[PDB]
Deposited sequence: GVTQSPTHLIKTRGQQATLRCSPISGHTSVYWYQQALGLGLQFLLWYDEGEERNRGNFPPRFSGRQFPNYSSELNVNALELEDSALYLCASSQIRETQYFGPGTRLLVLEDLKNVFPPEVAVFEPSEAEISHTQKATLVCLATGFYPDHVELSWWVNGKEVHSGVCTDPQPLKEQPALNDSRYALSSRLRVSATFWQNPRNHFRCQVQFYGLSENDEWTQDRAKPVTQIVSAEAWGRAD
């Protein structure tokens, strides 16, 4: 089960297109809205090409299912309170896609990509514990729900990693910040061959969107930072 785009920023009054492709063979597609604080609300169901049901949603929430059972949802006259994770499921047992996160803003003026930095292990920690912790900081970004992952020697690692469950606000009265830690044995850090990267997938603007302002258009992009094993 597949959904595109991953993430989408729009503006009041615009139109949002959400795409979904079900598991091969499945003929039913279900759409759900997951809005922070309301849980999962049912939106639409399609079987064999047709609309079978609707949640409590006005006709500006529209869609369709294609002969191959793939489906799209079109949300018109977008409003701020349309911001949500939209989830697609197919076929008995329902299986979920990764969802399309929609953000609807008054304007694009506040979209900034992150700055990403990697902070190397304290020598004290290495002495005291035989272990080395790298810290990653992603700062100054908006909107949230970024994807931060660690990479060592070209491969994504999951062991020894911990990333904050939520971002914190930079002025709690607002752009965001995020941190993550990677711990390796001190021996691993002391190997000059070893290469560590903190990678942040930021979701921002696309071609579609209009940017005037002087700074770079804050496009959807990956911003990274790196560290080498001890020289």
{"property": "Missing CA stretches, deposited numbering from 1, N-terminus first", "result": "1, 93-95, 178-180, 239"}
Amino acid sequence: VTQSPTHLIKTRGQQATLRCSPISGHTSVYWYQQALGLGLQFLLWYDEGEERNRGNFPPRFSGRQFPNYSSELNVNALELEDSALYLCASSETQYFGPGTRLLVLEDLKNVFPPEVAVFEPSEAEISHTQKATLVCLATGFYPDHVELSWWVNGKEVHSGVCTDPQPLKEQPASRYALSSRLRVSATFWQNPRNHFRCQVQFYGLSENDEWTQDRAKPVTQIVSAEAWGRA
From here on, numbers count along this sequence of modelled residues.
item	value
191-199 or 53-61, whichever carries the higher mean Cα B-factor	53-61
162-170 versus 176-184 - greater average Cα B-factor per the deposited record	162-170
Candidate residues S127, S83, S149, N153, the one whose C-alpha B factor the record puts highest	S127
Highest recorded Cα temperature factor - choice among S21, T17, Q213, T220	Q213
Entry-reported Cα temperature factor of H145, expressed as the chain third it lands in	middle
Assigned third (lowest, middle, highest) for the C-alpha B factor of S90	middle
Chain third (lowest, middle, highest) by recorded CA B-factor, residue given as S122	highest
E72, C-alpha B-factor rank within chain (lowest, middle or highest third)	lowest
Third of the chain's Cα B-factor distribution that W45 belongs to, per the entry	highest
